[PDB]
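Engineer: Input: one structure, supplied below.
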Amino acid sequence: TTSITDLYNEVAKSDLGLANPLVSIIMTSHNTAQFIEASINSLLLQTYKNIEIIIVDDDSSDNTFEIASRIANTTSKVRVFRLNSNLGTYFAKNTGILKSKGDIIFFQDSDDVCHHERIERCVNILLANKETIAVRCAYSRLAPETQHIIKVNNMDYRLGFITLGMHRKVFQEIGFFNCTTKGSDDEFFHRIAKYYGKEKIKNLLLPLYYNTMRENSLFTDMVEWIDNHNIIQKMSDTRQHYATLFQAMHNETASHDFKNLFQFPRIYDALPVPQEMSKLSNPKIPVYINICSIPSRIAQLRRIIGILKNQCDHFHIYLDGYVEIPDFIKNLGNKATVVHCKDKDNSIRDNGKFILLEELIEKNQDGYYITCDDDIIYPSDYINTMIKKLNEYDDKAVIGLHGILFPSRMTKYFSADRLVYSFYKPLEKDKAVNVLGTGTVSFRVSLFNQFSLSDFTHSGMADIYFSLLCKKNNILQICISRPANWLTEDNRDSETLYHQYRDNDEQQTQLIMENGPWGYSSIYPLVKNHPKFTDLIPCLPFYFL
Amino acid sequence: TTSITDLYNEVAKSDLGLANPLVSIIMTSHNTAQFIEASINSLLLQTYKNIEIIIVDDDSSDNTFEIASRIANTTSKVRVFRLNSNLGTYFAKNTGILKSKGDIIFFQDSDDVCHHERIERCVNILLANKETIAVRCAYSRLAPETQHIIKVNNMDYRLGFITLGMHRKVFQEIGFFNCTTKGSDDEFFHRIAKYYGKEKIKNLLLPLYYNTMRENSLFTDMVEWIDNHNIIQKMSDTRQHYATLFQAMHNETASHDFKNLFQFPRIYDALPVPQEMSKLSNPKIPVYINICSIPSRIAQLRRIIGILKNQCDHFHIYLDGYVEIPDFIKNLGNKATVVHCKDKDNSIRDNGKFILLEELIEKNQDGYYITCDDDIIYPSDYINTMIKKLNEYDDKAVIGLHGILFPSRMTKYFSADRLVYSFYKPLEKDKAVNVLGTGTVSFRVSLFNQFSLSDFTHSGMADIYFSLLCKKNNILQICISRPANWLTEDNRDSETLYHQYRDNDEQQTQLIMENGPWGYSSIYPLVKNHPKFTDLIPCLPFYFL
Amino acid sequence: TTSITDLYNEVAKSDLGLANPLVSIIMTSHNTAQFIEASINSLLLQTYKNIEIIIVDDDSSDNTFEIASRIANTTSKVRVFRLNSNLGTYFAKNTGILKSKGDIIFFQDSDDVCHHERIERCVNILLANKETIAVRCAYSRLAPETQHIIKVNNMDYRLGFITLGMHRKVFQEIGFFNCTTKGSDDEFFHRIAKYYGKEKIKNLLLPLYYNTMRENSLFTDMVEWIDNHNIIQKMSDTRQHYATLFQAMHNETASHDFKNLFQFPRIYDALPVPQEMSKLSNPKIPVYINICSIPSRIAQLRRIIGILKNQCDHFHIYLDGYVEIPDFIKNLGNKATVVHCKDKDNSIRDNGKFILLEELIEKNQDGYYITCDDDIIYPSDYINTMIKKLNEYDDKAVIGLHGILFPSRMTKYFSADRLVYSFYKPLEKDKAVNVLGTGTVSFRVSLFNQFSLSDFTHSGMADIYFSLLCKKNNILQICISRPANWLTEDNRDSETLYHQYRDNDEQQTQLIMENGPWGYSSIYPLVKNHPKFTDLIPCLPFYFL
Ligand SMILES: O=c1ccn([C@@H]2O[C@H](COP(=O)(O)OP(=O)(O)O)[C@@H](O)[C@H]2O)c(=O)[nH]1
Ligand SMILES: O=c1ccn([C@@H]2O[C@H](COP(=O)(O)OP(=O)(O)O)[C@@H](O)[C@H]2O)c(=O)[nH]1
Ligand SMILES: O=c1ccn([C@@H]2O[C@H](COP(=O)(O)OP(=O)(O)O)[C@@H](O)[C@H]2O)c(=O)[nH]1
Ligand SMILES: O=c1ccn([C@@H]2O[C@H](COP(=O)(O)OP(=O)(O)O)[C@@H](O)[C@H]2O)c(=O)[nH]1
Ligand SMILES: O=c1ccn([C@@H]2O[C@H](COP(=O)(O)OP(=O)(O)O)[C@@H](O)[C@H]2O)c(=O)[nH]1
Ligand SMILES: O=c1ccn([C@@H]2O[C@H](COP(=O)(O)OP(=O)(O)O)[C@@H](O)[C@H]2O)c(=O)[nH]1
Ligand SMILES: [Mn+2]
Ligand SMILES: [Mn+2]
Ligand SMILES: [Mn+2]
Ligand SMILES: [Mn+2]
Ligand SMILES: [Mn+2]
Ligand SMILES: [Mn+2]
């Protein structure tokens, strides 16, 4: 019986793979707290010093993210991000690609560990020939208990797709990985072969990767057990249907169109796959994203477009004070509708984020209304996470990230008697709040039957007026959970309305005092009247009235 | 807000429903230990004294069956049976119908309770008119915590199908319930309406039944929550597909053919339903049932036919000593192949149960070979349970119910050094045994490549020779778990081979001693070489060598 | 490293131990479901055929008792009893001694297994010399995972006390094991050595017993770990205090007094041990046992004395119809007070069981009033279990075993509308009932402030009147859980009041109808007003009013 010691001896015996561009290794973690620390330790022991480790957590329920954050704090080579919703391993891979900075991209699962010479040999093979575009090395299956080799199809090690590494420019020419639960690695490899060519891919018959064999994994549907050291891997019915789906799609679609087909981030499936094969939100109604922008943050706005030009079906951009329409907005074409009020006296500032909503009231077009601010950096999984949370709450309540909770006895809105859960600050559990910041508000349009923008008497107070509108229709506001620094604020030394109205909040205080009650008195009746809000019931609501 | 006290007041206010044939109330229990005792107490409090309560347990993982057995021991009106595999509520209902003795059949779920005057009123309405064939009464949804009414479609109580009660002769004219996970009650009600007529069904607008609203139930797919007292019930996509499936089937099939279409017990779906809608085994290969019979137990054989004439695709009956072919065997037609050796000297007795197996070796026809004895009463879920257990073990081992475990140092086969787990005795957990009784052996035919009946030198020792054949091919024998008295032995004062060879087991002892090793020494290598057998590893195998 | 295979080889190599009196092996089980089946299998494989296996379950919370009952049903050599309260291993050993029938007694823990030749060799050594009174054999510690030997004090096997076996007459001359949690085996062995002599004990230096080393066991307080194969066993502070306690007690007490010091069953500690070393009830108030007896069951009464003459501080026996005081009652002396009303017309029958209670009302003597009937066989742990249950409920409610639950709409007491949980029938969970049978009622005297026997107008209806008294003072009646056949009824073809008043219950029906309400209407207010009764809240009490 061949063991992993034999694999290491064979790797050391072979001389294959023997400037230094930055290499980004992207790890995907999901409830793998037992193995992620070992995986990161194995990645940090690589002989290729000029590396960085981008780790993406697919909304783990265990302390995987805590271990990843601790290791990222120990050393500067590890940068860790967490997805607030479970979207599969390939969405995390694409997010890591977006967050990466190196010219070469490699992959490694969190539950698996790699040889301490994998990246060096793979980079040497990749850069040996200029025309080479990608390199892959053989992997193997191991039992974590006995450390023996789980032979697959009567072979110790076989060429795989998780070990495939390529240049950074590959993902900007043929798109990114297809956002599916499983089987997207084969599709991406075949896409590379169709676009560049089979001669552009290098193969390294060395067991440089070690897939840990654990139960209830993604590929267990392909496993037929013969004994403790031999398994048979055959594609399932859904996997075969997916495989036949894209092979015909590769032939029926031009290669240069691939960049226009698999754009990331995305919220719709690029291929007709069943629900059990895709973990994307896949909304059944059009998605509208509304955002207001001032010129002083125009560059930030561009970045938002670079993260939201594909995560919606329609845009509503309110340019407040702009002189001319920016190029990145007019490039969207009919997808974006722009409000270009050039007068500050007649301007409505943040209230423009609700303009399209009024039109939907006159059209009864169901959708997922999203409101965003131009000073917030949004992640690649923001829209999918918001839609998933809305579906989890059955679209019966408005959700947000910037939560504000104040009692009904408060005499000053910006006093110390309010509690603020910022969008860039972590939240362990979902909490119902009185006021949600409109920069992170997502809600289904069908929740509101009648709405008019003229009810928003004062500009710059969108949060208070939106909370009043939600309270009038008895619609709950939920501050959903999120990891630390999920939405990193980017002020960039600009002017903010918080600094302007922090010491001059007379109108906000008047509205809060005149439109009570607040606190849990406005939450407990709404949270006690629905089973889906049972986990959101306040613990001791007798003081926070 | 209407409460259950208002429902009881309305029931007491209405005078509707005011000889005594035996009435059988059939309860289906599955992980409802918190409510089954209350349900049985409610059924025992009915004013209709001449009742019996047939309870069927759908392989509960909690102590539901223990409570049911205790209550059945307390009083003679309760008879409890347990299905060894989970086959849905309607399979349990049909099993209760088969086990019932009353002329009128009523139903009540284990998680629900009924008014103490439901059965009396329903029977009075049913027997008020001679032409009446079935009666149903309105039900309601209740929250177990607050005891309030969960209104469905803005109505306090609505007519249902679980409360439908009919005569015993109904199930023998249009078949039984369709063996599906859910939605079969509507299909059965529409079948009754199509066959007899809408005028033959009586409706009682009284809340005589109380469906407890608990999470993760079967009908939660139809529930859309509005508040804590109002829900909307709409059929899902799969439910709608099933509903459209049988409505056309009712029109496209003659009424008198229904008896030939929904025969129970069955192992194949009568309608093209998806896997998520049917909990039957649904084998992809033909099922062969093999049985030997002597004339002295001929009546018992008939009963076996009455429970197995539809649970297979082919029969192999070995008539040992019979004078003429019985009517109930020749009525099967080409479905049954009969071996009618009339000479006792040339007879092979139980070895005939393997004759068809040899033919399959010459034909390579994959299937589920089942061996049965004529002195054992089999339940309605026997074949489905065996196939489900085989699929759980991935068809990699032979399963049985009569287990025999003896050490390798044994000097007499029928001595006190062997441990016997009889088929009529309960077993808490699956255990791998050395010898499985051939009267309860089920195995996939593909596990054996070469087999000849001539290897069975001596007759009446089928268990030992079959165990030797399994050990030669390294095929594990597993004594699966079963409840108490799952297979009630029916000797009926006949002659048994155990009494004949108990004091004259020279050949069996010779074979056991000559074909070692036995005990865990013949089990531990087989149980340590497969993950699916991990739960079957012996605890302390150092003494049982 | 020595292994268990070496131990078996050494046992087979040694010839030591090579009529057949009945030998009873007593097993104690407590949450050892993983090993009890293996232990019983090892005991059934012993070469000494003439054996019986008495198993006592120390109120296991897992399915240990289910496995034991199944194995006891498989073969006639296994008899299983369950203690309803946890009283330690030595109380179970003494109960097994009382229930045993053999002339020789051996012991074996449920978590441990023995060699298949231990009992034969031990019996041969014991009966080799007539003057021999007990034999012990060396034991060893084993790891259940690796099956290696856990050396204790740098020795593979050492002489122990669990393996000690002796004659049946030993326990009737020097009493039984001291009812402590641990360390009582050493005390019993030293007691035997002090009484008979060191020459009367035989030692067998053979590893015939295998103590499984599992965490959180009783002797883990003595274990200091050095490595995976070596431990150090040293007595703890409490163990040393207990050891010094009885060694002086052996010298300061006459040998013939031992029989009068360690009588079993008992409810008080024979030695001043701390609470953490004794699992007995140890009441702080005198215990009074009250029982009525008719001559037709006089022999049964004697048996009750044989099980209750030491489980109390005072007796109150009401002889109804007796001619002369029986010898076994007058032998108790001042411990028993007898009421000898010779007139049937002036007799009160079962009401005499409360006579002493009235006296306590005139004396304010706190205690644990116990009422018993002469037709019920009581176990050796009955009083301890009742006192433990009362302490668990903080002495705030009356407990019993014969529970009766009927609705408030019942028009006949002995009709089919009542539910009876008999004392000889199992109950999975404690249930509050309307009426508790006075033959199994245990309650603290301080719960009642004023009581007069004249309130019991009619004789033979003690249950109804006692339930009325409990309801008047708002004292809950709880039918505690018990295993199957915990109290085996012994009618012995006598006359019972149930048969007399089954068809003539006019007075009982009148009292029940005149002293309502009943059912959960009389239980829910009492069960909702105390946290200790939270687990006793009815599930769906809206029908059982
Ligand atoms: O829904 C999921 C399942 C898995 N993973 C991660 O994706 C990687 C690959 O999944 P898995 O280990 O199941 O792959 P396999 O070992 O089955 O090939 C692992 O790091 C998982 O933590 C994920 O992000 N989302
Ligand atoms: O005159 C203005 C100032 C701001 N904004 C927009 O209003 C939103 C909220 O402003 P800000 O970030 O200052 O609010 P804060 O986060 O300070 O509460 C942002 O999208 C700004 O682009 C606007 O439309 N007009
Ligand atoms: O797989 C299952 C699910 C449920 N049941 C039983 O069938 C009855 C009806 O199911 P359920 O209570 O879910 O029905 P609902 O209340 O959802 O209408 C209950 O007694 C369940 O214990 C069953 O036998 N098998
Ligand atoms: O001469 C005989 C006696 C019995 N049998 C069949 O062999 C099986 C096993 O026989 P039996 O029930 O006596 O076996 P036991 O249960 O006593 O071991 C049954 O199906 C019998 O019908 C048979 O074919 N020929
Ligand atoms: O409170 C208890 C603890 C243990 N035991 C049983 O008494 C025996 C001896 O206890 P243990 O196994 O802990 O002894 P050790 O192995 O520690 O010497 C076992 O069969 C236990 O199940 C018992 O009856 N009551
Ligand atoms: O004339 C009588 C009949 C009975 N008993 C006692 O009353 C108790 C209950 O009687 P029984 O067992 O007949 O009651 P059942 O169990 O039938 O309800 C027993 O201790 C009997 O000894 C009595 O004192 N006098
Ligand atoms: Mn993996
Ligand atoms: Mn801002
Ligand atoms: Mn239900
Ligand atoms: Mn038989
Ligand atoms: Mn032990
Ligand atoms: Mn009695």
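Letters for chains follow the order of the structure tokens (A, B, ...), residue numbers begin at 1 for each chain, and ligand numbers begin at 1 in the order shown.
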Considering only C-alpha atoms, extract the chain C residues located within 9 Å of chain B and return them as number ranges by chain.
Structural biologist: C: 4-5, 34-35, 38-39, 41-42, 44-47, 49, 63, 66-67, 70-71, 73-75, 113-116, 144-145, 147, 407, 416-422, 425-428, 538-544
Engineer: Using only N, CA and C atoms, please write the residues we just selected to a file, as a short mmCIF file (atom, residue, chain, number, x, y, z; two decimals), in the first residue's frame.
Structural biologist:
```
data_model
loop_
_atom_site.label_atom_id
_atom_site.label_comp_id
_atom_site.auth_asym_id
_atom_site.auth_seq_id
_atom_site.Cartn_x
_atom_site.Cartn_y
_atom_site.Cartn_z
N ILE C 4 -3.16 -8.48 25.24
CA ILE C 4 -4.16 -9.41 25.76
C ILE C 4 -3.98 -10.80 25.16
N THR C 5 -3.40 -10.88 23.96
CA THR C 5 -3.08 -12.19 23.39
C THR C 5 -2.08 -12.93 24.25
N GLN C 34 -22.50 0.36 25.48
CA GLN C 34 -21.51 -0.01 24.47
C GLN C 34 -20.82 -1.33 24.80
N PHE C 35 -20.76 -1.69 26.08
CA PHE C 35 -19.99 -2.85 26.51
C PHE C 35 -20.81 -3.95 27.18
N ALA C 38 -21.30 -7.10 24.98
CA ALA C 38 -20.08 -7.88 24.91
C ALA C 38 -19.82 -8.62 26.21
N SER C 39 -20.11 -7.98 27.35
CA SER C 39 -19.91 -8.63 28.64
C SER C 39 -20.82 -9.85 28.79
N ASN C 41 -22.18 -11.57 26.36
CA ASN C 41 -21.72 -12.58 25.42
C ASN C 41 -20.52 -13.34 25.97
N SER C 42 -19.60 -12.63 26.63
CA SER C 42 -18.45 -13.29 27.24
C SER C 42 -18.88 -14.22 28.37
N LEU C 44 -21.80 -15.74 28.59
CA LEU C 44 -22.51 -16.88 28.02
C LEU C 44 -21.57 -17.87 27.34
N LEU C 45 -20.33 -17.49 27.07
CA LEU C 45 -19.36 -18.36 26.43
C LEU C 45 -18.53 -19.16 27.43
N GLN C 46 -18.83 -19.05 28.73
CA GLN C 46 -18.07 -19.77 29.74
C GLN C 46 -18.27 -21.27 29.60
N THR C 47 -17.20 -22.03 29.85
CA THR C 47 -17.27 -23.48 29.75
C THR C 47 -18.13 -24.09 30.86
N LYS C 49 -21.29 -24.70 32.16
CA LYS C 49 -22.62 -24.58 31.57
C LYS C 49 -23.67 -24.23 32.62
N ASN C 63 -29.72 3.08 26.46
CA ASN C 63 -30.48 1.88 26.12
C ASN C 63 -29.81 0.62 26.65
N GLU C 66 -32.50 -1.85 27.69
CA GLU C 66 -33.15 -2.46 26.53
C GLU C 66 -32.33 -3.62 25.99
N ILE C 67 -31.01 -3.44 25.88
CA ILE C 67 -30.15 -4.52 25.42
C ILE C 67 -30.16 -5.68 26.41
N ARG C 70 -33.43 -7.54 26.05
CA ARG C 70 -33.45 -8.34 24.82
C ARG C 70 -32.64 -9.61 24.99
N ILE C 71 -31.44 -9.51 25.58
CA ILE C 71 -30.62 -10.70 25.77
C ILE C 71 -31.27 -11.65 26.77
N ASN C 73 -34.42 -12.03 27.10
CA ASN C 73 -35.48 -12.71 26.36
C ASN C 73 -34.93 -13.76 25.40
N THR C 74 -33.71 -13.58 24.90
CA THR C 74 -33.15 -14.56 23.97
C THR C 74 -32.89 -15.90 24.65
N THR C 75 -32.34 -15.88 25.87
CA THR C 75 -31.93 -17.10 26.54
C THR C 75 -32.43 -17.12 27.98
N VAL C 113 -15.16 -7.51 30.46
CA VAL C 113 -15.39 -8.85 29.93
C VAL C 113 -14.40 -9.80 30.59
N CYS C 114 -14.74 -11.08 30.57
CA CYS C 114 -13.96 -12.10 31.26
C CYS C 114 -13.55 -13.19 30.29
N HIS C 115 -12.50 -13.92 30.67
CA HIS C 115 -12.06 -15.07 29.90
C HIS C 115 -13.13 -16.15 29.93
N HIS C 116 -13.17 -16.95 28.87
CA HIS C 116 -14.19 -17.99 28.73
C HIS C 116 -13.93 -19.21 29.60
N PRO C 144 -9.80 0.04 25.51
CA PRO C 144 -10.76 -0.53 24.54
C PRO C 144 -10.39 -0.28 23.09
N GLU C 145 -9.57 0.73 22.80
CA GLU C 145 -9.24 1.05 21.42
C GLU C 145 -8.13 0.16 20.88
N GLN C 147 -6.60 -2.32 22.50
CA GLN C 147 -6.61 -3.63 23.15
C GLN C 147 -5.30 -3.95 23.85
N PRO C 407 -61.10 11.95 32.89
CA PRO C 407 -61.61 13.31 32.67
C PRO C 407 -62.70 13.66 33.67
N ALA C 416 -64.47 2.62 30.79
CA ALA C 416 -63.33 2.61 29.88
C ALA C 416 -62.77 4.00 29.63
N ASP C 417 -63.34 5.03 30.26
CA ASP C 417 -62.89 6.40 30.06
C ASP C 417 -61.70 6.77 30.94
N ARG C 418 -61.22 5.87 31.78
CA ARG C 418 -60.05 6.14 32.61
C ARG C 418 -58.84 5.39 32.07
N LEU C 419 -57.67 5.95 32.31
CA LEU C 419 -56.40 5.37 31.89
C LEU C 419 -55.63 4.95 33.13
N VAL C 420 -55.20 3.70 33.17
CA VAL C 420 -54.56 3.12 34.34
C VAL C 420 -53.12 2.76 33.99
N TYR C 421 -52.18 3.34 34.71
CA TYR C 421 -50.77 2.98 34.62
C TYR C 421 -50.46 2.13 35.84
N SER C 422 -50.46 0.81 35.66
CA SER C 422 -50.29 -0.11 36.77
C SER C 422 -48.86 -0.08 37.30
N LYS C 425 -46.51 -2.18 35.34
CA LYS C 425 -46.33 -1.81 33.95
C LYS C 425 -45.34 -0.66 33.83
N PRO C 426 -44.50 -0.65 32.79
CA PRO C 426 -43.47 0.38 32.69
C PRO C 426 -44.06 1.75 32.40
N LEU C 427 -43.30 2.78 32.79
CA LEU C 427 -43.63 4.16 32.48
C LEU C 427 -42.34 4.88 32.11
N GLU C 428 -42.33 5.50 30.94
CA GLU C 428 -41.09 6.09 30.43
C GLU C 428 -40.76 7.39 31.15
N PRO C 538 -48.82 19.04 31.07
CA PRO C 538 -49.46 18.28 29.99
C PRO C 538 -49.21 18.92 28.64
N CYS C 539 -49.12 18.08 27.61
CA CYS C 539 -48.78 18.56 26.28
C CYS C 539 -49.95 19.30 25.64
N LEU C 540 -51.10 18.64 25.53
CA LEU C 540 -52.29 19.23 24.91
C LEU C 540 -53.46 19.05 25.86
N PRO C 541 -53.55 19.87 26.90
CA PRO C 541 -54.56 19.65 27.94
C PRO C 541 -55.96 20.16 27.61
N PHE C 542 -56.22 20.59 26.37
CA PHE C 542 -57.52 21.18 26.07
C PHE C 542 -58.63 20.15 25.92
N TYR C 543 -58.30 18.89 25.65
CA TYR C 543 -59.32 17.86 25.54
C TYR C 543 -59.53 17.08 26.83
N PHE C 544 -58.48 16.94 27.64
CA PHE C 544 -58.54 16.15 28.87
C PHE C 544 -58.92 17.03 30.06
#
```
Engineer: Pick out each residue of region 227-475 of chain C that DSSP on the backbone tags as alpha helix (DSSP H); I need them as JSON, numbers by chain.
Structural biologist: {"C": [237, 238, 239, 240, 241, 242, 243, 244, 245, 246, 247, 248, 249, 250, 251, 252, 298, 299, 300, 301, 302, 303, 304, 305, 306, 307, 308, 327, 328, 329, 330, 355, 356, 357, 358, 359, 360, 361, 382, 383, 384, 385, 386, 387, 388, 389, 390, 391, 392, 462, 463, 464, 465, 466, 467, 468, 469, 470, 471, 472]}
Engineer: Pick out the residues sitting within 12 Å of region 171-176 of chain C, and hand them over as an NGL selection string; count only C-alpha atoms, and ignore anything fewer than 2 positions along from it in its own chain.
Structural biologist: :C and (90-98 or 100 or 103-105 or 133-134 or 165-169 or 178-180 or 184-185 or 187-196 or 250 or 253-266 or 270)
Engineer: Export C-alpha atoms of the chosen residues as a short mmCIF file (atom, residue, chain, number, x, y, z; two decimals), in the first residue's frame?
Structural biologist:
```
data_model
loop_
_atom_site.label_atom_id
_atom_site.label_comp_id
_atom_site.auth_asym_id
_atom_site.auth_seq_id
_atom_site.Cartn_x
_atom_site.Cartn_y
_atom_site.Cartn_z
CA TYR C 90 -22.79 -2.39 45.53
CA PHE C 91 -26.52 -1.87 46.08
CA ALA C 92 -27.05 -3.52 42.69
CA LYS C 93 -24.72 -6.35 43.72
CA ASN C 94 -26.72 -6.95 46.90
CA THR C 95 -29.99 -6.84 44.94
CA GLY C 96 -28.56 -9.45 42.57
CA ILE C 97 -27.54 -11.57 45.56
CA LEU C 98 -31.10 -11.40 46.88
CA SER C 100 -30.02 -15.05 42.82
CA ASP C 103 -25.09 -21.68 45.87
CA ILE C 104 -22.02 -19.86 44.49
CA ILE C 105 -21.90 -16.13 43.71
CA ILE C 133 -14.92 -20.04 51.65
CA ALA C 134 -13.96 -17.68 48.80
CA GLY C 165 -16.32 -15.35 44.34
CA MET C 166 -17.74 -17.10 47.37
CA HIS C 167 -20.53 -19.36 48.59
CA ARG C 168 -24.14 -18.26 49.02
CA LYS C 169 -23.98 -18.78 52.80
CA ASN C 178 -21.74 -1.90 52.34
CA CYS C 179 -24.00 0.38 50.30
CA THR C 180 -21.39 2.94 49.24
CA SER C 184 -16.91 -1.37 49.54
CA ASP C 185 -15.31 -4.38 47.84
CA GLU C 187 -14.23 -3.59 53.05
CA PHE C 188 -16.16 -6.77 52.26
CA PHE C 189 -12.97 -8.71 51.52
CA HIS C 190 -11.39 -7.57 54.78
CA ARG C 191 -14.61 -8.48 56.60
CA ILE C 192 -14.40 -12.00 55.16
CA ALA C 193 -10.74 -12.24 56.16
CA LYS C 194 -11.52 -11.06 59.70
CA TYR C 195 -14.45 -13.45 60.15
CA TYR C 196 -13.28 -16.67 58.50
CA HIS C 250 -13.60 -4.58 62.39
CA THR C 253 -17.02 -4.96 66.68
CA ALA C 254 -17.56 -8.65 67.34
CA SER C 255 -17.56 -10.88 64.27
CA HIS C 256 -21.00 -12.37 64.95
CA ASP C 257 -22.35 -8.81 65.14
CA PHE C 258 -21.50 -8.22 61.46
CA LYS C 259 -24.74 -9.93 60.40
CA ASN C 260 -26.59 -7.41 62.58
CA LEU C 261 -24.62 -4.44 61.20
CA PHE C 262 -24.70 -4.75 57.39
CA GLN C 263 -28.26 -5.98 56.86
CA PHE C 264 -29.63 -5.52 53.35
CA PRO C 265 -31.80 -3.82 52.14
CA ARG C 266 -31.00 -0.66 54.11
CA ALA C 270 -23.67 1.58 58.38
#
```
Engineer: From a backbone DSSP assignment, name each residue in region 12-137 of chain C labelled strand (DSSP E), as a PyMOL selection string.
Structural biologist: chain C and resi 23-29+51-58+78-83+104-109+113-114+134-137
Engineer: Using only C-alpha atoms and all ligand atoms, find each residue of chain A with at least one atom at most 10 Å away from an atom of ligand 1; report its shortest atom-to-atom pair and that distance in Å (one decimal), sort the rows by chain and rising residue number, and return the result as a Markdown table.
Structural biologist:
```
| residue | atom | partner | partner_atom_place_in_ligand_line | distance |
| --- | --- | --- | --- | --- |
| A:27 | CA | ligand 1 | 20 (O) | 6.6 |
| A:28 | CA | ligand 1 | 20 (O) | 4.5 |
| A:29 | CA | ligand 1 | 22 (O) | 3.8 |
| A:30 | CA | ligand 1 | 22 (O) | 3.6 |
| A:31 | CA | ligand 1 | 22 (O) | 6.0 |
| A:32 | CA | ligand 1 | 22 (O) | 5.5 |
| A:33 | CA | ligand 1 | 22 (O) | 9.0 |
| A:35 | CA | ligand 1 | 20 (O) | 9.1 |
| A:36 | CA | ligand 1 | 20 (O) | 8.0 |
| A:39 | CA | ligand 1 | 20 (O) | 9.6 |
| A:55 | CA | ligand 1 | 20 (O) | 9.8 |
| A:56 | CA | ligand 1 | 24 (O) | 8.0 |
| A:57 | CA | ligand 1 | 24 (O) | 6.7 |
| A:58 | CA | ligand 1 | 24 (O) | 4.7 |
| A:59 | CA | ligand 1 | 24 (O) | 8.1 |
| A:60 | CA | ligand 1 | 22 (O) | 8.4 |
| A:64 | CA | ligand 1 | 22 (O) | 9.5 |
| A:83 | CA | ligand 1 | 24 (O) | 9.5 |
| A:86 | CA | ligand 1 | 1 (O) | 6.4 |
| A:87 | CA | ligand 1 | 25 (N) | 6.7 |
| A:88 | CA | ligand 1 | 25 (N) | 4.0 |
| A:89 | CA | ligand 1 | 24 (O) | 3.6 |
| A:90 | CA | ligand 1 | 24 (O) | 7.3 |
| A:91 | CA | ligand 1 | 24 (O) | 8.0 |
| A:92 | CA | ligand 1 | 24 (O) | 6.4 |
| A:93 | CA | ligand 1 | 24 (O) | 8.5 |
| A:107 | CA | ligand 1 | 8 (C) | 9.9 |
| A:108 | CA | ligand 1 | 20 (O) | 7.5 |
| A:109 | CA | ligand 1 | 20 (O) | 3.8 |
| A:110 | CA | ligand 1 | 20 (O) | 3.8 |
| A:111 | CA | ligand 1 | 20 (O) | 5.1 |
| A:112 | CA | ligand 1 | 20 (O) | 7.2 |
| A:141 | CA | ligand 1 | 16 (O) | 8.5 |
| A:160 | CA | ligand 1 | 18 (O) | 9.9 |
| A:161 | CA | ligand 1 | 18 (O) | 9.9 |
| A:162 | CA | ligand 1 | 18 (O) | 8.3 |
| A:180 | CA | ligand 1 | 1 (O) | 9.7 |
| A:181 | CA | ligand 1 | 1 (O) | 6.5 |
| A:182 | CA | ligand 1 | 10 (O) | 8.4 |
| A:183 | CA | ligand 1 | 18 (O) | 9.8 |
| A:210 | CA | ligand 1 | 16 (O) | 9.5 |
| A:211 | CA | ligand 1 | 16 (O) | 5.8 |
| A:212 | CA | ligand 1 | 16 (O) | 6.2 |
| A:213 | CA | ligand 1 | 16 (O) | 6.4 |
| A:214 | CA | ligand 1 | 16 (O) | 7.1 |
| A:215 | CA | ligand 1 | 17 (O) | 8.5 |
| A:216 | CA | ligand 1 | 13 (O) | 7.5 |
| A:217 | CA | ligand 1 | 13 (O) | 3.9 |
| A:218 | CA | ligand 1 | 13 (O) | 3.9 |
| A:219 | CA | ligand 1 | 17 (O) | 4.1 |
| A:220 | CA | ligand 1 | 17 (O) | 6.3 |
| A:221 | CA | ligand 1 | 17 (O) | 9.1 |
| A:222 | CA | ligand 1 | 17 (O) | 9.4 |
| A:223 | CA | ligand 1 | 17 (O) | 9.8 |
| A:279 | CA | ligand 1 | 1 (O) | 8.1 |
```
